[PDB]
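Enquirer: I have a structure here, written as structure tokens, and I will follow up with some questions on it.
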Amino acid sequence: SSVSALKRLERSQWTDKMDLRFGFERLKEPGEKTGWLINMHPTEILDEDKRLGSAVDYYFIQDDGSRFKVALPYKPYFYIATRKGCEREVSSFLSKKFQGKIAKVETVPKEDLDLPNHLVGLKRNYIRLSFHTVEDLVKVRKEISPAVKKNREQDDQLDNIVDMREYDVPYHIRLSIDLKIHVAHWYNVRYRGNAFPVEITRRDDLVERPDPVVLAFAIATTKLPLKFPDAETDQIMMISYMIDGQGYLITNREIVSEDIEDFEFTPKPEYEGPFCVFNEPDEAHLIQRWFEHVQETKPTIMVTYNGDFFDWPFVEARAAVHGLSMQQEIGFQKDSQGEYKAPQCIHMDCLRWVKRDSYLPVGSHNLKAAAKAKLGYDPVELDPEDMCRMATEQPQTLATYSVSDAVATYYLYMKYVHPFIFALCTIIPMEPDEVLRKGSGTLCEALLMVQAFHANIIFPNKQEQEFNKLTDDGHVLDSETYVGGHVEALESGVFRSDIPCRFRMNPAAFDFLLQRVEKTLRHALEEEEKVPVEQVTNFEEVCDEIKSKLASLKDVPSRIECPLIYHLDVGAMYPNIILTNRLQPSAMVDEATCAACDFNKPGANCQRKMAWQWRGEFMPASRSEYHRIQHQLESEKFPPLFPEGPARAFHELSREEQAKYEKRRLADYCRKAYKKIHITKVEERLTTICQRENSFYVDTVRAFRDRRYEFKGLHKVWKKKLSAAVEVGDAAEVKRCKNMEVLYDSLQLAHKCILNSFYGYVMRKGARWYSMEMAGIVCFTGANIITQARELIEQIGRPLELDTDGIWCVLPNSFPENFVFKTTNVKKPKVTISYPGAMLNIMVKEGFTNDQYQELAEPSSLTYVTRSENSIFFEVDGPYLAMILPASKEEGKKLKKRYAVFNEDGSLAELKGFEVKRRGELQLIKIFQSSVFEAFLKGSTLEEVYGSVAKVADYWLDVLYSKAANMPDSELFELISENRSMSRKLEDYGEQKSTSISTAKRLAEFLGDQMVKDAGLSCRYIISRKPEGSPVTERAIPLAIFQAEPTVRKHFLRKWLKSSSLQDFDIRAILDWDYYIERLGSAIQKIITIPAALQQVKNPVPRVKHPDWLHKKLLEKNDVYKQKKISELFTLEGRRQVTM
Amino acid sequence: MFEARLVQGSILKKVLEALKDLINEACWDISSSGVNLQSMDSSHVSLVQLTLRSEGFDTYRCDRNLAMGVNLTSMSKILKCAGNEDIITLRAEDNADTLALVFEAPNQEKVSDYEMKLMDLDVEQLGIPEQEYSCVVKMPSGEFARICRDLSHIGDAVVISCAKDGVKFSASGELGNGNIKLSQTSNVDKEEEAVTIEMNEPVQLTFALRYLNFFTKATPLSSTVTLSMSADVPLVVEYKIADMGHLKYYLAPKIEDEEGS
Amino acid sequence: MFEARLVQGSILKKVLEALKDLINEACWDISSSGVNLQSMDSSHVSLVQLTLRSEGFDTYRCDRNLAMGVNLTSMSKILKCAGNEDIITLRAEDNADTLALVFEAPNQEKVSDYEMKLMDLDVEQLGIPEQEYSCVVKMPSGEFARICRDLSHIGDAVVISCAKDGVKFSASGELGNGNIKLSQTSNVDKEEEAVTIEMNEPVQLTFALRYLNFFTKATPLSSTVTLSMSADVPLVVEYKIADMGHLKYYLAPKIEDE
Amino acid sequence: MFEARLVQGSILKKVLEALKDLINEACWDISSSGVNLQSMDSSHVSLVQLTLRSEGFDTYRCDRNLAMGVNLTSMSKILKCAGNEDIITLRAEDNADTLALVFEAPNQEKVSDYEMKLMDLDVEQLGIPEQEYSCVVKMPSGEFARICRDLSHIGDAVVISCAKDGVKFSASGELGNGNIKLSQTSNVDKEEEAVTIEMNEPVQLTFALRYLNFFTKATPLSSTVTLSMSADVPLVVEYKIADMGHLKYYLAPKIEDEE
DNA sequence: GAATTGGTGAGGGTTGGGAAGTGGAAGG
DNA sequence: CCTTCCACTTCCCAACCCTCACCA
Ligand SMILES: Nc1ncnc2c1ncn2[C@H]1CC[C@@H](COP(=O)(O)OP(=O)(O)OP(=O)(O)O)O1
Ligand code: SF4
């Protein structure tokens, strides 16, 4: 035992010396100072008895560059529940049993959300156990936690222990939840001397932050041709980095053929990028120099891109080969999770932000693409195979590349990441390491824990997973789910405001709207704008022009007009619906728990009922057939855990194994006995939401929402400043205000992601507050609002696309559009309203808006106010210049979630779902789609529009029919490549056949498992012809062979094409040109021809036939011999209907 | 009750197997005088009528006139169980919930029985002009069946021309053209192996072959078919059973705009 | 070395395909007294028992107990190549991993020689215990095939009842119930046209009809089939190939909820 | 003008039924000598050759030798109309865009008359090579077809061996391997069971079973099939039509040297 | 230990049932 | 001795399951 304690002491000393070497002096002398809390860790310390106890080391920094540490002791604790009245006996038994293992035990009353009748004010006495160090907590919990199972299954003092809580929450996150210590704030610290706990307390007024010294670094290495590097054999060429605006480079003359010289790099005037250069004679000298320079500059923030994947496993190996222990010199060691972390500094990987927070597609998750998207300039490229020659022939260009990578890494960290991460850390207890690395669900669990502790509510334990539960009818459920977002694609083709388009309309709709114009506008002004209707001056004037334009519509519904393209969508929809109905994961109640509640009084308005659609799939097997399978498994035997071991009887296996064995064994029987393997059932259900239950979750969502609205409000204010400065032409003001615009927009997008996480969190496996119903009720309530908006807009006009948030539509040119209401109050002298907004919004006012909101008036009174609330409001984009939708190649189907929209400014506004955005889909499809969307803007008539659009596609068909005879010899190897990537290790897919697996095996046969060895393999291939009639997946050729050695290419291609008789092993012979022609044929059809024949124009492309079904229906339109019905020839004697 | 028996289920089998493919569900009208069916496509292009005289059954009773609705594919399942020589019995009761069927082997080695389930239906009823037709042709049923199948491969629609010289079927598609011609059989072994045309005046008509292909499914009910036509009005084609009565298919021709123009 | 020669070579084709769909693969057992198998389908509702006596073969040699894993799909594709008129020879070695088959045409023009790879199979096997089946029946095979095929359209499980008068099949389903009765016929011209029933006490039980459409594939083995019933005991179907062997299917009843 | 008349539909039907798998669109050539066609298959693996002499028709008018482009699947879907007994006549004018086809019931009770669009086709072709052969084998067609199908079940390709005593086939693959011999017949009673071999030198050669299993589709065309074989030169498989004509396929051997 | 959700498109391979054609056996 | 019906095998199209990445 003692040796382990001494090893923990040894590592604690090692870390204390490591950070002391980096300048973090511990506070030794009694006194008082101020500082900004940048980091912390938990560590043990020795008390006045020299007993080891657990503590947290806070790290502080100051504006003068001084730094220090403070250690604060805090006893870990958790709760146990005891049967009625046992708590004194249980605590006495535990305290004698575990004397010296436990620190203190005590009884505490806590409220618990699951307690019956709890809103009376009831609470129950949990017992806290607290320990001198977490190792005794871990031991005592491993003693206790098996013993409580029997109490659960049935229903010594240990029998009285019923349950235990919070025994798995992190220790350090306790302290920052409990004592409100939070990161990125200025604190006083007062140390009385060792006899007393330190005092730490925030000071709010020092709003400005200090500037911690930041380093970012990257490396370049040798590698084998055509293959991945290996850290044993390859060697670093150069390491490039930046500290606080100063750049540096180190280069190794063992490999780099010439000395580099210092230079400066600035793509945009903001990125000053001065780079210093040092030339070092050998790899060991390079590494030692870098280590010394880091130990000199002693950064607190250390920055990499993907650096846990490539850079650290490389530099650690190259250091250790020369005996330089990076772990001892720097401090970095690979954690158990495989992530390099350090005691003295914070480690931040930008990719783990880009992946989680950017809202970019995987197509742009590469550093170069994320830089291009966010920073607004093109980085420089080197071909990964040529760096071996570049380091020999042109060292300066390799240095320039590595510097460009350093500059991009640093400035991308600085602009987006630095504000956001610490801003979020102001409200999450966690370190900047966890808050960046942790999953977006755990963050939200922490934000909820903060409030739940402040409410003094004991947490529930994590939800425990279930396997093969039964439907009530007994069918074994494979899957349960709720029906999600609702999507429709009502129309097809093109729309433009520039061209005449036909409408038909219902006059009763106009009469209904005209009859309510004032009642709509009053609500639109007072509730949404918050300008009282008494303060507006000319309210009566505009109402008459509205009424008269509605009358002008009412008199003539059917018409030709220009269309107004409008998008009409709900803001912050699912948060707002949660707030409006006041949904909470705890608040769903059955009838029996309401019957247990003293507020269950006849006529009490507390119960709200809402409906949702459940979906579940069950296997067809009977309950009794499943019991038969189980009865047969009463004697089955199974293989050992390991080849040496004896075989295991079925009763020895884990539940996780047994459930999977049952599921397979029953699925086979089902395949035999009941031909449909799975039955899918949809069912509507209703669930009651309590309205008086504690609001902590919903108030959390309210606060987070209002924070995101803070960022959007500043975004709107600076948008005002920007638009003024742009109209005036104030370049310095435009530059500053545009920087503020970017900063607040990216912040509000990140908050959008985290805020939305609050909804889906409720479904996460294991979540503490878990419930499926609150995830369905929101989806269904979001499907209603959009469906009713489709009803209304379909009466006035023609909706064109739906999704979960809002409608895309065309409206007739005569519609009221926009108005300005003038005001006496100079604070808001002009209020602008769009009528389509209030037109939709009033239906949400009338139907949806909540009329059962309740709030506690006085905790001692047990009395509540009743209130009404709505926050669901439509808002309006555009109007837009043009819209295009594709249509399905199959009859009766329409392509959802694929479309393109253009701003009145005349440039691409949105382009959603098409292959251009997808990662690595066939490049030719990308280039064709890109060109045709821009081509749709040309022309002025549908005959012109489709006649021009056809000319873009026809050129690419002419390319394919010409076998690209004019295309440069290298270009096909890119243009024709698929780049389909593969997630898992090639072992794990088993037998399943697909072209990715096929070509990964085809490479493994060429270069061995050194490529296969690890997850995330990438593939590039073409599909060949010559093994005729072989199924498609068996003609795949990876591009690699066209760069392999000729005598090996003419071996592997001879094998794979089953032919030496192929006289020329040339891609142009090898390509399956007709397959690529069919691929493009489909890509042209879905956009340029089927969406033509639906718009009553002819087929605009000769080369591509319609599908024969459409050819038949279109030709049947076009002949004189009309098919009569028999009802036109024979007299109808009557209608008759038959009853059984 | 209703109750009937039939000498050979082959007739009723070929009936159901000719109805099932065209009309999905239909209702029978039932009486002491027999059984009748009239029903129309959900396409409303074409129409079907069947008459089964009581005197054709082996034994027949009905207590009171009734009607009942049946899904024809569901019934047509069960009759697949009846053997070619089996003797079949049908029953129903005035509560009209179910149709009982029983099959007996000729040697009474075996009994098979089933309880088919009725359904509720709506229909619109069409009067028949009962005119005489300006042309009638009577023809070997299999030869008309093959004429239909062959031309259905040539194109989507047939043109029918009837003249004193004979009858011609024609069609075309993007492949080209096809013609089939018949003329009066001068020397007749028996009328069941002869084509005969009778006319008032010549006629020309056009029809969509997809329906004719479903009409020809009745071929195994008789050696010969009759077709009756008059200008600008529905074509009627008929198969008849010597015992039971008749099955008639009615189709409305296509017509030109120039009439309306 | 095991070797044997069978003059009525079609039997191997028939008896193999009567299992091709029911069991994928099995370890065929060979001894001086014949070629044998017991096996179970992976659904574990049913057991298969097969034996061909060496006395029936035109030639037979066996010098040790031999076991050989075969996937029946492969031999099924091989036995597609033999005509029903051909004479079959089978050969195996205790020191090799391949089975050899030779086909000989009665005209002596045509011969064939197929080699297929054995596979490495072992299975833990119980002998089916002796049973006093309280009721036993013999029927012409095509009649039982038609009964099960026709009832399969009405539904997926059949209730069979036996009584002093004979047997009844009955079924229920969404399209409505139905029944078939076979009484004990009085007199018959030949056994291939005859039904025979013995019943010690009345029994009725429910059987999963979707399985019997597998067993009925044995029909070309025999003009007649033997069946047996008892309470809470797998029903027997038995085919016998002249006097030279047997194939039997044992199938459990559906365990009712009550 | 061109026309010709024939009492049999069966030959013209089953020729189309044999071609439809190998060739989609073809140019026929037409002469006083009859109808001829040679054409590479769509995969260019093998070459079809066919002719029907004019002596085989009931009557034949051809004022000038000519060539005509036609679509095989369409002509098949027309010829499926004729009954096997029906009298066939084919005709075209010297400048028609169309081929006209007439089918009559033997009793003349019925007439049927169809038209197909011509198309403009030309194809680049060699004068077909022929030689004396190392081996020639005569077999009943149905047995050769069945053997080829059974070998295709076991594997991808068949290797053939010829010798004085008999003809042997072998194949190998993931199922194992299979070997077959047909003996020379001891005394031919009539050719409809006769296997006979001409043997200048023993030969062994390998071919892909897919294309043989397409060539076999002509099996209804004649009860006897003939194989013509030598090393380092195409196999030819030949069927003969009445006396009037012949159908042949040319295929190269799957080179074993690659192994 | 650590872990937000459901709906959709595109591509490629596998599985079931119905329709067509041929050969064998029974009926007259 | 010839024609029709039953049974078996082959061929063709629709539906269902696997992956990955985007739209919310
Ligand atoms: N990451 C996510 N996780 C779960 N559901 C999500 C989601 N993103 C969207 N949804 C679902 C639920 C919400 C819905 C999309 O609406 P928003 O509230 O995201 O608002 P929007 O219009 O995108 O932006 P705003 O107007 O607030 O600025 O889709
Ligand atoms: S909804 Fe009303 S009755 Fe039900 S638990 Fe809540 S307060 Fe009690």
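By convention here, the chains of the structure tokens are called A, B, ... in the order presented, each chain's residues are numbered starting at 1, and ligands are numbered starting at 1 in the order presented.
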Mind checking which residues fall within 12 Å of segment 2-18 of chain F, counting only C-alpha atoms (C1' of nucleotides), ignoring those fewer than 6 positions away in the same chain, and posting them as an MDAnalysis selection string?

Expert: (chainID A and resid 676:678 989:995 997) or (chainID B and resid 83:84) or (chainID E and resid 11:28)

Enquirer: If the cut-off is 9 Å, can you tell me the residues of chain A near chain E, counting only C-alpha atoms (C1' of nucleotides)? I'd like them as number ranges by chain.

Expert: A: 439-442, 481-487, 756-766, 775, 895-898, 913, 993-995, 1031-1033

Enquirer: Print the selection's residues with C-alpha atoms to a file, as a JSON list (two decimals), in the first residue's frame.

Expert:
[["chain", "number", "residue", "atom", "x", "y", "z"],
["A", 439, "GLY", "CA", -19.48, 15.73, -26.25],
["A", 440, "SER", "CA", -22.21, 18.34, -26.64],
["A", 441, "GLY", "CA", -24.52, 16.21, -24.49],
["A", 442, "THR", "CA", -22.20, 16.14, -21.49],
["A", 481, "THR", "CA", -38.59, 5.62, -32.23],
["A", 482, "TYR", "CA", -40.72, 8.74, -32.65],
["A", 483, "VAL", "CA", -41.77, 10.12, -36.03],
["A", 484, "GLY", "CA", -39.50, 13.02, -36.88],
["A", 485, "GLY", "CA", -39.58, 16.13, -39.02],
["A", 486, "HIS", "CA", -42.20, 16.43, -41.75],
["A", 487, "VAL", "CA", -41.03, 17.06, -45.33],
["A", 756, "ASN", "CA", -30.42, 22.81, -29.86],
["A", 757, "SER", "CA", -28.49, 20.09, -28.02],
["A", 758, "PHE", "CA", -30.94, 20.60, -25.13],
["A", 759, "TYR", "CA", -33.68, 18.95, -27.21],
["A", 760, "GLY", "CA", -31.84, 15.84, -28.41],
["A", 761, "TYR", "CA", -30.08, 15.40, -25.07],
["A", 762, "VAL", "CA", -33.35, 14.05, -23.69],
["A", 763, "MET", "CA", -32.94, 10.96, -25.90],
["A", 764, "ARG", "CA", -29.28, 10.24, -25.12],
["A", 765, "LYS", "CA", -28.58, 6.76, -23.77],
["A", 766, "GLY", "CA", -27.83, 7.01, -20.06],
["A", 775, "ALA", "CA", -38.77, 14.36, -27.85],
["A", 895, "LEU", "CA", -37.03, 14.80, -54.67],
["A", 896, "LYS", "CA", -37.12, 16.34, -51.20],
["A", 897, "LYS", "CA", -34.26, 18.31, -49.63],
["A", 898, "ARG", "CA", -32.57, 19.17, -52.96],
["A", 913, "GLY", "CA", -28.23, 18.86, -50.81],
["A", 993, "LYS", "CA", -19.77, -6.46, -50.48],
["A", 994, "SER", "CA", -19.41, -2.88, -51.68],
["A", 995, "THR", "CA", -17.04, -1.03, -53.97],
["A", 1031, "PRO", "CA", -21.07, -7.61, -61.19],
["A", 1032, "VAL", "CA", -20.31, -3.93, -60.81],
["A", 1033, "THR", "CA", -18.39, -4.17, -57.52]]

Enquirer: Write as a PyMOL selection string the residues around ligand 2, taking 8 Å as the cut-off and counting only C-alpha atoms (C1' of nucleotides) and all ligand atoms.

Expert: chain A and resi 117+119+587+589-591+593-601+604-608+688-693

Enquirer: Which residues sit within 9 Å of ligand 1, counting only C-alpha atoms (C1' of nucleotides) and all ligand atoms, listed as number ranges by chain?

Expert: A: 485, 569-576, 712, 748-749, 752-761, 778-779, 782, 803-806, 875; E: 4-6; F: 23-24

Enquirer: For N, CA, C and O atoms (P, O5', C5', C4', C3', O3' and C1' of nucleotides), I'd like the residues from the last selection saved as a compact mmCIF listing (two decimals), in the first residue's frame.

Expert:
# COMPACT_ATOMS: atom_id res chain seq x y z
N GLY A 485 -39.17 14.97 -38.25
CA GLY A 485 -39.58 16.13 -39.02
C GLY A 485 -40.38 15.74 -40.26
O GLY A 485 -40.21 14.67 -40.84
N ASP A 569 -40.30 31.26 -42.08
CA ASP A 569 -39.90 30.19 -41.17
C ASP A 569 -39.87 30.67 -39.72
O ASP A 569 -39.70 31.86 -39.44
N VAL A 570 -40.03 29.71 -38.81
CA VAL A 570 -40.03 29.98 -37.38
C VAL A 570 -38.60 30.17 -36.88
O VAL A 570 -37.69 29.43 -37.26
N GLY A 571 -38.40 31.18 -36.04
CA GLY A 571 -37.10 31.39 -35.42
C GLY A 571 -36.91 30.54 -34.16
O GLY A 571 -37.79 30.45 -33.31
N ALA A 572 -35.73 29.93 -34.05
CA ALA A 572 -35.35 29.13 -32.89
C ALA A 572 -36.46 28.16 -32.46
O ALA A 572 -36.96 28.20 -31.34
N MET A 573 -36.85 27.28 -33.39
CA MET A 573 -38.19 26.71 -33.33
C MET A 573 -38.37 25.79 -32.12
O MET A 573 -39.34 25.94 -31.37
N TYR A 574 -37.48 24.82 -31.94
CA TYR A 574 -37.67 23.81 -30.89
C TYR A 574 -37.43 24.33 -29.48
O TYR A 574 -38.19 24.00 -28.56
N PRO A 575 -36.41 25.16 -29.26
CA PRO A 575 -36.38 25.95 -28.01
C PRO A 575 -37.68 26.70 -27.74
O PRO A 575 -38.20 26.65 -26.62
N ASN A 576 -38.18 27.42 -28.74
CA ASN A 576 -39.37 28.24 -28.53
C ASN A 576 -40.60 27.38 -28.22
O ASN A 576 -41.41 27.75 -27.37
N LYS A 712 -27.12 37.79 -30.88
CA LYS A 712 -27.86 38.23 -32.06
C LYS A 712 -28.23 39.71 -32.00
O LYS A 712 -28.28 40.38 -33.03
N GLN A 748 -23.08 33.16 -32.41
CA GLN A 748 -24.48 32.76 -32.35
C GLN A 748 -24.74 31.43 -33.05
O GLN A 748 -25.63 30.69 -32.62
N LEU A 749 -23.99 31.08 -34.09
CA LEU A 749 -24.09 29.72 -34.64
C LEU A 749 -23.64 28.65 -33.64
O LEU A 749 -24.31 27.62 -33.48
N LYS A 752 -26.23 28.30 -31.28
CA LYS A 752 -27.35 27.59 -31.90
C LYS A 752 -27.19 26.09 -31.70
O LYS A 752 -28.12 25.39 -31.30
N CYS A 753 -25.98 25.60 -31.97
CA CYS A 753 -25.71 24.17 -31.83
C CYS A 753 -25.91 23.70 -30.39
O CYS A 753 -26.64 22.73 -30.14
N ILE A 754 -25.31 24.40 -29.43
CA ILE A 754 -25.43 23.96 -28.04
C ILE A 754 -26.87 24.09 -27.54
O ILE A 754 -27.39 23.19 -26.87
N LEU A 755 -27.54 25.20 -27.86
CA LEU A 755 -28.93 25.39 -27.48
C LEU A 755 -29.81 24.26 -28.01
O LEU A 755 -30.62 23.69 -27.27
N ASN A 756 -29.66 23.92 -29.29
CA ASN A 756 -30.42 22.81 -29.86
C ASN A 756 -30.08 21.49 -29.19
O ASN A 756 -30.93 20.60 -29.10
N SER A 757 -28.85 21.33 -28.70
CA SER A 757 -28.49 20.09 -28.02
C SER A 757 -29.43 19.78 -26.86
O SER A 757 -29.66 18.61 -26.55
N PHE A 758 -29.99 20.81 -26.22
CA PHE A 758 -30.94 20.60 -25.13
C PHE A 758 -32.14 19.74 -25.52
O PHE A 758 -32.66 19.00 -24.68
N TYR A 759 -32.59 19.82 -26.77
CA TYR A 759 -33.68 18.95 -27.21
C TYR A 759 -33.23 17.49 -27.31
O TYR A 759 -33.75 16.62 -26.61
N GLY A 760 -32.26 17.21 -28.18
CA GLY A 760 -31.84 15.84 -28.41
C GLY A 760 -31.17 15.17 -27.22
O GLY A 760 -31.21 13.94 -27.10
N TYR A 761 -30.58 15.96 -26.32
CA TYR A 761 -30.08 15.40 -25.07
C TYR A 761 -31.08 14.48 -24.40
O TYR A 761 -30.70 13.45 -23.83
N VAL A 778 -42.58 17.56 -29.24
CA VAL A 778 -42.04 18.70 -29.97
C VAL A 778 -42.11 18.47 -31.47
O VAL A 778 -42.50 19.37 -32.23
N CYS A 779 -41.73 17.29 -31.93
CA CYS A 779 -41.73 17.04 -33.37
C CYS A 779 -43.14 17.14 -33.95
O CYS A 779 -43.36 17.75 -35.00
N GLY A 782 -44.32 20.69 -34.03
CA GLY A 782 -43.69 21.35 -35.17
C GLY A 782 -44.23 20.93 -36.52
O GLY A 782 -44.16 21.70 -37.48
N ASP A 803 -39.72 22.22 -44.94
CA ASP A 803 -38.99 21.38 -44.00
C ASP A 803 -39.54 21.62 -42.60
O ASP A 803 -40.69 22.03 -42.45
N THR A 804 -38.73 21.37 -41.58
CA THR A 804 -39.24 21.38 -40.22
C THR A 804 -39.49 22.81 -39.74
O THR A 804 -40.38 23.04 -38.91
N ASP A 805 -38.72 23.77 -40.25
CA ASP A 805 -38.75 25.14 -39.76
C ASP A 805 -39.76 26.03 -40.48
O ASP A 805 -40.41 26.85 -39.83
N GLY A 806 -39.92 25.91 -41.80
CA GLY A 806 -40.68 26.93 -42.50
C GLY A 806 -40.82 26.65 -43.98
O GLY A 806 -40.12 25.81 -44.55
N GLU A 875 -40.77 34.55 -39.28
CA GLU A 875 -40.03 35.66 -39.87
C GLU A 875 -39.69 35.31 -41.31
O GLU A 875 -39.81 34.16 -41.75
P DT E 4 -23.06 12.94 -26.70
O5' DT E 4 -24.60 12.51 -26.76
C5' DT E 4 -25.23 12.27 -28.00
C4' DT E 4 -26.70 12.67 -27.94
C3' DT E 4 -27.53 12.25 -29.14
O3' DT E 4 -28.12 10.98 -28.90
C1' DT E 4 -27.83 14.58 -28.72
P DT E 5 -28.58 10.02 -30.11
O5' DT E 5 -29.90 10.70 -30.71
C5' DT E 5 -31.10 10.75 -29.95
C4' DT E 5 -32.17 11.51 -30.71
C3' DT E 5 -32.50 10.91 -32.06
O3' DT E 5 -33.51 9.92 -31.93
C1' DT E 5 -32.16 13.27 -32.27
P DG E 6 -33.80 8.85 -33.09
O5' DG E 6 -34.58 9.65 -34.25
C5' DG E 6 -35.82 10.26 -33.99
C4' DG E 6 -36.37 10.94 -35.23
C3' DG E 6 -36.63 9.98 -36.39
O3' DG E 6 -37.73 10.43 -37.16
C1' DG E 6 -34.97 11.49 -37.04
P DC F 23 -26.84 19.99 -46.81
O5' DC F 23 -28.17 19.41 -46.17
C5' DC F 23 -29.28 19.11 -47.00
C4' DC F 23 -30.55 19.08 -46.19
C3' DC F 23 -30.83 20.35 -45.40
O3' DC F 23 -32.18 20.74 -45.61
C1' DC F 23 -30.83 18.48 -43.95
P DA F 24 -32.68 22.18 -45.31
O5' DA F 24 -33.60 22.33 -43.98
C5' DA F 24 -33.00 22.55 -42.69
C4' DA F 24 -33.70 21.71 -41.66
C3' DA F 24 -33.63 22.21 -40.25
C1' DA F 24 -33.34 19.81 -40.34

Enquirer: Tell me, which residues of segment 72-165 of chain C carry DSSP strand (DSSP E), written as a ChimeraX atom specification?

Expert: /C:87-92,98-104,110-117,135-140,157-163

Enquirer: I need the chain A residues near chain C as a PyMOL selection string; criterion: at most 6 Å, counting only C-alpha atoms.

Expert: chain A and resi 624+669+673

Enquirer: One decimal, in Å: what's the spacing between atom CA of residue 281 of chain A and atom CA of residue 318 of chain A?

Expert: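 Value for the atom CA of residue 281 of chain A-atom CA of residue 318 of chain A distance: 15.2 Å.
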
Enquirer: To one decimal place in Å, what is the distance between atom CA of residue 205 of chain D and atom CA of residue 258 of chain D?

Expert: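 Between atom CA of residue 205 of chain D and atom CA of residue 258 of chain D the gap works out to 13.6 Å.
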